[PDB]
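One chain is shown next in structure tokens, namely the form solved without guanosine-5'-monophosphate (5GP).
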């Protein structure tokens, strides 16, 4: 059962908007919105969205496997060995948020302070004492971005697994000699760093010059979750405020995806006339170039929605009905919608490019969609006995074993949010920058128009 199976199962349900049903529905962990900082929904005047893995939730593991296959094909096309074609995407290996160390070719799971929680070289998991040879303080400086790449996004899940596949392959292939920082093949030396660069280049190519989008839009039922409650929630948001889209994708792809997301024989509710997806938005902006978008951005352009090309020139006019923007900056949104940052709830899936940056640079309110939570919540509740035992032991060898047993329930790289009793960097960033979070933003449907999301005030140790 993948997290997208859970999402699609809930997506298939019709909305029962009886007040008592909603209040009961939201109490269930899977339909709940979780709260890091208090947020009064009545103060929100604009609801903003990205598209990928928020509105358009790509099905798992089908989409990751497609991106993996095309990335492998691209690497082989540029001269990587044929054996790469025998790889096959394995969703049980990668957890999101791992750090690839380009010096030693390791995938690392770290806490918020750069402490090592898991270390794998290829598919070999390196235990604590053996990591000290390469990591004498069991620690990395995360912000050394020349050395470390943090595989933060759901789009990074295939390349997370591919990196481990490649290290595994070159390590065990007799044509190559394993060295500390790469692989030697006679008069050729491939460092883990140049390997990583090829992989990054190939992933980028697949998404922006290859056939990934084309293969996606030709079989949208295979690749994209569809939920009839999406138009209902957006229509209700538009009754009490403004709704905008700000996506890094271009207009042609956005139009294809959004048209599918709204392709029902009805509008917001069953029995209502169907409405075009654009009608649900007060402002539509593509080619956003987040996170640069939240600083100086790029020049504001207008999409010719007939041809899908940009009109020539910087757009200097006002917000018009039916206009579609390209580029610009977050100030564009604020000026055109007459909003200040704390009036905006921005709903995204990119912990860095959507949530961290809109919070820190603009003071927007933030809703982080975490698709894997749809399944991790089930593992967390089903295996709570493991965690509680671990808590009790905390109050050594038994600790490591329960930690391992708990973690393996999530996959070979453990929970997105912890390893045993130790929280991941990703978990710490969710708590710090996401005001609200959930497996899907659809869970906002089950809360009244002026709900007060509440979180406990924080006290320092000397204040307790």
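Positions refer to the first chain, counted from 1.
- Checked against the other entries of this protein, residue 363 counts as resolved in every one of those spanning it, not missing from a third of them.
- For residue 353, the record comparison shows coordinates absent in at least a third of the other entries of this protein that model its neighbours.
- In terms of unmodelled positions of the deposited sequence, the stretch from residue 395 to residue 396 in this entry skips 10 or more residues.
- Here the stretch with the larger average CA B-factor, out of 51 to 59 and 401 to 409, is 401 to 409.
- The PDB entry reports B-factors from which the mean C-alpha value can be compared for 360 to 368 and 217 to 225; the larger average falls on 217 to 225.
- Listed residues 273, 172, 279, 134 were ranked by CA B-factor as deposited; 172 comes out on top.
- Highest CA B-factor among the listed residues (163, 203, 377, 284): 377.
- For residue 341, the recorded CA B-factor ranks within the middle third of the chain. Only modelled residues enter the ranking.
- Ranked against the other modelled residues of its chain, the C-alpha B-factor of residue 159 as given in the entry falls in the lowest third.
- In the PDB entry, residue 387 places in the highest third of its chain by CA B-factor.
- The deposited CA B-factor of residue 30 belongs to the highest third of values across its chain.
- In this PDB entry, residue 185 carries a Cα temperature factor that places it within the highest third of its chain's modelled residues.
The form solved in complex with guanosine-5'-monophosphate (5GP) exists for this protein as well; it is not shown, and the discussion that follows is about that form.
- Stretch-level contact check against guanosine-5'-monophosphate (5GP) in the deposited bound form with heavy atoms at 4.5 Å: of 190 to 198, 160 to 168, 174 to 182, 247 to 255, the positive one is 247 to 255.
- Contact annotation for the candidate site: 238, 340 and 344 all lie away from guanosine-5'-monophosphate (5GP) in the deposited bound form (no heavy atom within 4.5 Å).
- guanosine-5'-monophosphate (5GP) in the deposited bound form comes within 4.5 Å of no heavy atom belonging to residue 62.
- Taking the partner from elsewhere, residue 69 is found to have every heavy atom lying beyond 4.5 Å of guanosine-5'-monophosphate (5GP) in the deposited bound form.
- Not displayed here, guanosine-5'-monophosphate (5GP) is kept clear of residue 83 by more than 4.5 Å at the level of heavy atoms in the deposited bound form.
- Interface residue remark: residue 234 is not counted as part of the site for guanosine-5'-monophosphate (5GP) in the deposited bound form, having no heavy atom within 4.5 Å.
- Only one of 204, 282, 331, 90 comes within 4.5 Å of guanosine-5'-monophosphate (5GP) in the deposited bound form through a heavy atom, and that residue is 204.
- For the options 121, 74, 301, 213, the residue carrying a heavy atom within 4.5 angstroms of guanosine-5'-monophosphate (5GP) in the deposited bound form is 213.
- Scanning 43 to 68 for heavy atoms within 4.5 Å of guanosine-5'-monophosphate (5GP) in the deposited bound form gives 50, 51, 52 in sequence order.
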